[PDB]
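Quick notes on the structure that follows.
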Amino acid sequence: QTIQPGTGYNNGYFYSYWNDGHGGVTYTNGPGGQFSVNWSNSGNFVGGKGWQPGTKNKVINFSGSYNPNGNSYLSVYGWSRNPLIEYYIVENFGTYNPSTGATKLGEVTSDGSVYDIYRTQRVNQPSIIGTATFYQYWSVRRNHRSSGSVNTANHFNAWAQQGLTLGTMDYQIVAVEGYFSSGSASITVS
């Protein structure tokens, strides 16, 4: 069903939906691992389905339609504690590459494409533990797709070779993020 921002479990899967209160976004939880997001001249938002807690070796499958009309990303998104890390394994994006301004650390081949690895630090930003300072890890896919399988272990291993050391895994979802744009998406996770 269509809901306001919040988290919980739906049809067997953890979900998380958040927005900056700007308006223009409609998040709906669907059957099984499906969720749909329709937005128009929105603010900043993030919505998706997955697991709580996630793992370091989960193979995530997703399929559906992703039609961004501007700034938006489709990715495996999550957090880690001790160390506190926010991460993204970007599979597709609209008009703006999310790694713009980040520091490239290397590359990794996984699930049919090379991914460029980046890192950025967020100082005194909101997080799963409140206002804190943490790193943000990125894996950006060169060959964009809206359907496939992501072997998280390949990315976590690659990041570990570059100095990352994920601790306790918090949530892990396939999320659609929008930033003052429009679009529609219907993704099913499994």
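How things are named: the first chain in the structure tokens is A, the next is B, and so on; residues count from 1 in each chain; ligands count from 1 in the order shown.
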
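Residues surrounding residue A:118 within 9 Å are residues 99, 102, 103, 104, 105, 106, 107, 136, 137, 138, 139 and 140 of chain A [only C-alpha atoms; sequence separation below 3 positions excluded].
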
TODO: Please provide the set of residues having any atom within 12 Å of residue A:129, restricted to only C-alpha atoms, with same-chain residues fewer than 6 positions apart removed, written as a ChimeraX atom specification.
DONE: /A:79-86,170

- [ ] Once DSSP has gone over the backbone, tell me which residues of stretch 2-146 of chain A are in strand (DSSP E), as a PyMOL selection string.
- [x] chain A and resi 2-3+6-10+13-19+25-29+34-39+44-51+59-69+72-81+85-93+103-110+113-125+132-141

Please produce a file of those selected residues containing C-alpha atoms, as a JSON list (two decimals), in the first residue's frame.
[["chain", "number", "residue", "atom", "x", "y", "z"],
["A", 2, "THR", "CA", 0.91, 3.66, -0.41],
["A", 3, "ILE", "CA", 2.50, 4.89, 2.81],
["A", 6, "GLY", "CA", 8.73, 4.96, 7.68],
["A", 7, "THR", "CA", 10.33, 1.53, 7.97],
["A", 8, "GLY", "CA", 9.15, -1.99, 8.73],
["A", 9, "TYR", "CA", 8.55, -5.35, 7.08],
["A", 10, "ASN", "CA", 6.18, -5.96, 4.19],
["A", 13, "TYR", "CA", 10.91, -7.90, 3.21],
["A", 14, "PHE", "CA", 12.27, -4.96, 5.15],
["A", 15, "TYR", "CA", 11.43, -1.62, 3.58],
["A", 16, "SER", "CA", 12.52, 1.94, 4.22],
["A", 17, "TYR", "CA", 11.03, 5.08, 2.76],
["A", 18, "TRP", "CA", 12.18, 8.59, 3.52],
["A", 19, "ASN", "CA", 11.76, 12.04, 2.00],
["A", 25, "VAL", "CA", 6.67, 11.65, -4.23],
["A", 26, "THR", "CA", 4.44, 8.57, -3.88],
["A", 27, "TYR", "CA", 5.85, 5.35, -2.44],
["A", 28, "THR", "CA", 3.82, 2.13, -2.53],
["A", 29, "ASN", "CA", 4.69, -1.29, -1.08],
["A", 34, "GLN", "CA", 8.04, -5.27, -5.01],
["A", 35, "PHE", "CA", 7.76, -1.53, -4.41],
["A", 36, "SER", "CA", 6.78, 1.30, -6.77],
["A", 37, "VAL", "CA", 7.78, 4.95, -6.69],
["A", 38, "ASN", "CA", 6.16, 7.68, -8.77],
["A", 39, "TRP", "CA", 7.49, 11.22, -8.47],
["A", 44, "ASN", "CA", 15.16, 14.46, -2.14],
["A", 45, "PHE", "CA", 13.89, 10.96, -1.28],
["A", 46, "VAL", "CA", 15.00, 7.33, -0.85],
["A", 47, "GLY", "CA", 12.76, 4.25, -0.96],
["A", 48, "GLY", "CA", 13.32, 0.52, -1.33],
["A", 49, "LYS", "CA", 13.03, -3.05, -0.10],
["A", 50, "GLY", "CA", 15.53, -5.54, 1.21],
["A", 51, "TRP", "CA", 16.74, -7.00, 4.49],
["A", 59, "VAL", "CA", 23.44, -12.11, -3.80],
["A", 60, "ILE", "CA", 20.66, -9.65, -4.57],
["A", 61, "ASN", "CA", 18.30, -10.08, -7.52],
["A", 62, "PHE", "CA", 16.14, -7.28, -8.86],
["A", 63, "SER", "CA", 14.00, -6.62, -11.89],
["A", 64, "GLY", "CA", 11.36, -4.20, -13.03],
["A", 65, "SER", "CA", 11.14, -0.83, -14.71],
["A", 66, "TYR", "CA", 13.23, 2.22, -13.91],
["A", 67, "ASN", "CA", 12.35, 5.38, -15.83],
["A", 68, "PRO", "CA", 14.07, 8.43, -14.29],
["A", 69, "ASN", "CA", 13.35, 11.89, -15.68],
["A", 72, "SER", "CA", 17.93, 9.80, -9.73],
["A", 73, "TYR", "CA", 19.83, 6.56, -8.88],
["A", 74, "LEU", "CA", 18.95, 2.86, -8.68],
["A", 75, "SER", "CA", 21.26, 0.95, -6.36],
["A", 76, "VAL", "CA", 21.98, -1.54, -3.60],
["A", 77, "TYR", "CA", 22.09, 0.78, -0.57],
["A", 78, "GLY", "CA", 22.92, 0.19, 3.08],
["A", 79, "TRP", "CA", 24.80, 0.89, 6.28],
["A", 80, "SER", "CA", 27.45, -0.63, 8.51],
["A", 81, "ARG", "CA", 28.28, 0.12, 12.14],
["A", 85, "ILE", "CA", 29.68, 3.49, 6.69],
["A", 86, "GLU", "CA", 26.95, 4.39, 4.21],
["A", 87, "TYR", "CA", 27.36, 2.54, 0.90],
["A", 88, "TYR", "CA", 26.00, 2.39, -2.66],
["A", 89, "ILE", "CA", 26.39, -0.11, -5.49],
["A", 90, "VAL", "CA", 24.84, 1.98, -8.29],
["A", 91, "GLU", "CA", 23.31, 0.01, -11.14],
["A", 92, "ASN", "CA", 21.65, 2.85, -13.04],
["A", 93, "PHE", "CA", 21.21, 6.62, -12.77],
["A", 103, "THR", "CA", 37.74, 10.19, -4.97],
["A", 104, "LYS", "CA", 38.26, 7.18, -7.23],
["A", 105, "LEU", "CA", 40.06, 4.37, -5.45],
["A", 106, "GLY", "CA", 39.95, 1.71, -8.14],
["A", 107, "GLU", "CA", 37.80, -0.61, -10.25],
["A", 108, "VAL", "CA", 36.10, -3.98, -9.83],
["A", 109, "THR", "CA", 34.46, -6.38, -12.27],
["A", 110, "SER", "CA", 31.22, -7.92, -11.09],
["A", 113, "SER", "CA", 30.41, -5.01, -15.90],
["A", 114, "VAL", "CA", 33.31, -3.04, -14.51],
["A", 115, "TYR", "CA", 32.46, -0.73, -11.60],
["A", 116, "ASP", "CA", 34.41, 2.35, -10.58],
["A", 117, "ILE", "CA", 35.04, 2.57, -6.82],
["A", 118, "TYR", "CA", 34.92, 5.87, -4.89],
["A", 119, "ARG", "CA", 34.90, 7.22, -1.36],
["A", 120, "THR", "CA", 33.73, 10.47, 0.23],
["A", 121, "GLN", "CA", 33.45, 11.70, 3.80],
["A", 122, "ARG", "CA", 30.27, 13.14, 5.25],
["A", 123, "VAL", "CA", 31.06, 15.47, 8.16],
["A", 124, "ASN", "CA", 28.43, 15.93, 10.89],
["A", 125, "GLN", "CA", 25.68, 14.52, 8.68],
["A", 132, "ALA", "CA", 27.96, 11.75, 12.85],
["A", 133, "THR", "CA", 31.03, 11.79, 10.61],
["A", 134, "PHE", "CA", 31.49, 8.80, 8.34],
["A", 135, "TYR", "CA", 32.73, 7.63, 4.98],
["A", 136, "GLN", "CA", 30.52, 6.93, 2.01],
["A", 137, "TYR", "CA", 31.57, 4.10, -0.29],
["A", 138, "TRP", "CA", 30.55, 3.86, -3.93],
["A", 139, "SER", "CA", 30.61, 1.25, -6.69],
["A", 140, "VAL", "CA", 29.26, 2.78, -9.93],
["A", 141, "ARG", "CA", 28.35, 0.40, -12.77]]

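When only C-alpha atoms are used to measure the gap to residue A:165, the shortest distance among A:127, A:186, A:101, A:56 belongs to A:56.
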
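Closest approach to residue A:155 from the set A:32, A:23, A:58, A:179 is made by A:58, with distances taken over only C-alpha atoms.
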
Task: Nearest-residue call for residue A:24, choices A:126, A:188, A:178, A:98, using only C-alpha atoms - done: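 The answer is A:178, which sits nearest to residue A:24.
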
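You can rank A:55, A:145, A:33, A:42 by their closest distance to residue A:190 using only C-alpha atoms, and at the top of that list sits A:33.
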
TODO: Using only C-alpha atoms, find the one residue out of A:164, A:128, A:158, A:150 that sits nearest to residue A:189.
DONE: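 The closest residue to residue A:189 is A:150.
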